[PDB]
Amino acid sequence: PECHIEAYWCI
Amino acid sequence: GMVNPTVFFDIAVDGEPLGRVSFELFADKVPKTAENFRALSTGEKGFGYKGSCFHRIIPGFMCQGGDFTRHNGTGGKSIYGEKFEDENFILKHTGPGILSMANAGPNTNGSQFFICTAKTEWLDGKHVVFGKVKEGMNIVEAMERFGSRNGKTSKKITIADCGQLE
Ligand SMILES: *CC(=O)Nc1ccc(NC(=O)C*)cc1
Ligand SMILES: [N]
């Protein structure tokens, strides 16, 4: 996974 | 008396020169991560950032690049192998210009990186901050205008040249 994209997506 | 390295990217839009972005690298705070980016900018290990593109650009978020191996945004490798541990999380994502490492979990740092165009505090503790835009932030702002909401770029945003200034 791309953790900073997934963080952006969750936010 | 020991000075943080300064590196530059000459950005090109479909081969057209756009402008220079220079970065301070916080070797004082994260020596291993700063050295990875420094040497990938010089190519002095036989490989690095030159010619690679910014493959994901999300306005209001960041400009991502660093995959110089497959170029599709899944590749890239560090100077230590293919991945190296999270050095530390001392420095924070404080605002635009912050230079941070992309990863796929803890201790999966490669060569992919992103330049923040906003404050991203929700990335603290998961992605290692190692540098900051010194000059040319107006050039990063122009790169942002070629991005989209899923990161797809409308033109080829490439690192036409890169190296070390200090
Ligand atoms: C790789 C990784 O850490 N991904 C990830 C998934 C979900 C979230 N969720 C929120 O931030 C609410 C963050 C990171
Ligand atoms: N989000």
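Only this structure's heavy atoms are used, side chains among them; waters, hydrogens and symmetry mates stay out. In listed order, ligands and their atoms are each counted from 1. Just so it is clear: chains get the letters A, B, ... in the order the sequence lines come, proteins before strands, and each one is counted from 1.
- A heavy-atom cutoff of 4.0 Å around ligand 1 is satisfied by the protein residues A:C3, A:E6, A:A7, A:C10, A:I11, B:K126.
- Taking the side chain to side chain contact (heavy atoms under 4.5 Å, CB included) definition, one finds that B:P5 meets it with B:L25, B:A27, B:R38, B:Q164, sequence neighbours left out.
- Checked by atom type and distance alone, the side chain of B:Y49 never pairs as donor or acceptor with a backbone atom of B:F9 at under 3.5 Å.
- No side-chain donor-acceptor contact under 3.5 Å links B:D10 to the backbone of B:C162.
- For the pair B:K77 and B:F47, the cation-pi criterion (under 6.0 Å, within 45° of the ring axis) is fulfilled.
- Connectivity analysis of hydrophobic side chains (ILVMFWY, heavy atoms under 4.5 Å, direct or indirect) links B:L165 to B:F8.
- In the hydrophobic clustering, where aliphatic and aromatic side chains (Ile, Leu, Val, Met, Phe, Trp, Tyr) are joined below 4.5 Å either directly or transitively, A:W9 stands alone.
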